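In structure tokens, one chain follows: the form deposited in one PDB entry.
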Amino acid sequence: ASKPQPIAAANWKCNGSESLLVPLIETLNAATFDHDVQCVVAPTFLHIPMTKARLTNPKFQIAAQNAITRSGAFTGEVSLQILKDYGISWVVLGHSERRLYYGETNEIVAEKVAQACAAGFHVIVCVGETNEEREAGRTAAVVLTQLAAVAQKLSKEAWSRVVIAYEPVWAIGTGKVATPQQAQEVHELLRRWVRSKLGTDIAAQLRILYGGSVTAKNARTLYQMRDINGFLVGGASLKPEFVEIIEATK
């Protein structure tokens, strides 16, 4: 029925410096919103400590940009347990960049999401087709296969901590945002699939966010679509306009 609580998530990706983030964080702290909205900021692992120490806005949660399922002999990686111990309860998993550059198959992503949910994390699970896949008319087949791989490892209860982020690969950092119709069409497909497998309530309460060239200028029109519950913001999240994007979820 009515839309669940919206989410405005910032993916700073592999960017940042203390001198840059300090002022940015202060802007976030001074920002107020008159509607219920879950704001999220995902710094690089290296910047999580300074962010957690400085960010005070209660409507904000800190998320890691990735994580592996187990602590151990995995040089260079950061596990969910390590993040949990540090007080981080949100995490982005399966980002297109990780599926494409760092060998994250649908199954690997699913294992990550499964362990994250079991660990009590709110997970922003990313899905999305490439330009070639959309041109070949494989969009639905692709995103449903990505989502299905994850769902198969989750229990019914786990969905209360699951968030889906649809980011068409052709819309990431290209300045070519999906039209409201294009986004709505996929969000519908995703939610309808979830409903067929998990029921009315879970499908209705599920937040499905759009990501890919989202800006303060195109955010409002996108958010008004019936099946869009917020955004995963890349480039514009490291700018002051990110506050306007949040306001766009009112």
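Counting begins at 1, following the sequence as shown. Take the two forms, find the largest set of C-alpha atoms that superpose within 1.5 Å, and that set is the rigid core.
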query	finding
Selected stretch [higher average CA B-factor]: 71-79 or 134-142	134-142
Of 238-246 and 12-20, the stretch whose C-alpha atoms average the higher B-factor in the entry	238-246
Out of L46, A30, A63, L206, residue topping the C-alpha B-factor column of the entry	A30
Highest recorded Cα temperature factor - choice among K112, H95, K176, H122	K176
Within-chain third of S89 by Cα B-factor, per the entry	lowest
Entry-reported Cα temperature factor of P58, expressed as the chain third it lands in	highest
Ranked C-alpha temperature factor of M50 among modelled chain residues, by third	middle
Third assignment of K197 from its chain's C-alpha B-factors	highest
Chain-relative CA temperature factor third for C39	middle
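The following text describes the form deposited in another entry, which does not appear among the structures shown.
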| query | finding |
| --- | --- |
| Candidates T174, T145, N131, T179 - which moves between this form and the one not shown, C-alpha at least 2 Å, core fixed | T174 |
| Note on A42-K176 C-alpha separation in the other entry, which departs from the shown form by 3 angstroms or more | farther |
| Outcome for the Cα pair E241, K176 in the other entry, compared with this form (closer or farther; change of 3 Å or more) | farther |
